[PDB]
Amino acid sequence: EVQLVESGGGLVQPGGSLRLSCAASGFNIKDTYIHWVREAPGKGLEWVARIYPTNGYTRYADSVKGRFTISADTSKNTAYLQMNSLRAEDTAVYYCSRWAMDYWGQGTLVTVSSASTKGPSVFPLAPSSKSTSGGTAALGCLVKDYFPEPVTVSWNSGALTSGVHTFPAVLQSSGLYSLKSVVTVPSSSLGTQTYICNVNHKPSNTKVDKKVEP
């Protein structure tokens, strides 16, 4: 079974450096080309670089030439992307792949920004007092003012999954993200069941459980 696993992504300042790794399993990178390909928000897929690990020959996209270096260590069956002079435009999910490109890794997120990490505030969206009796009610959580993405949300520590919608984050004018997670439940349950949204913002090590009460 062929596998490729990327690591090393994270949040870095413009002008900074970051090294990604691509660990290969189930084949030897000596036998192939290894590529990096990235996906920036709304820019589709863009090839970044390639290497032939046997002789170390490399090729680069014009937009990264000079300031990125792709390399490989055949004795570790691992390839690398050294990224320097980073720009906001470099913010993307970075994938490695091999030679058509028949196998790809899961990707690693690189965010290039001068903004600091900030954990969210979490506020309840309380079910309406005019909820239709015996019908359907909606409630939710507002996960506000965090940076960078991503955040995850569950309900009742994962026990509640039906009727849950967790929305794409929106970027506010402040440069901070805001997102909503909602769930629809029966109206007859509002006075008898507890609803708690579990918010995790790993980039800031923030975990918040917020009870949403009628």
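We number the residues from 1 along the sequence you see.
The entry models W99 and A100 with a gap of 4 to 9 deposited residues left without coordinates. Stretch comparison (162-170 versus 49-57) by mean CA B-factor in the PDB entry places 162-170 on top. In this entry, 182-190 has the higher mean Cα B-factor, the comparison being between 182-190 and 147-155. Highest CA B-factor among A72, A138, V110, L86, as stated in the entry: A138. The PDB entry assigns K30 a C-alpha temperature factor belonging to the highest third of its chain's modelled residues. Annotation for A79: C-alpha temperature factor in the lowest third relative to the rest of the modelled chain, per the entry. In the deposited entry, the Cα temperature factor of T117 places it in the middle third of its chain's modelled residues.
Among the modelled residues of its chain, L18 has a C-alpha B-factor that falls in the lowest third, as given in the PDB entry. When the CA B factors of the chain's modelled residues are split into thirds, the value for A40 lands in the highest one.
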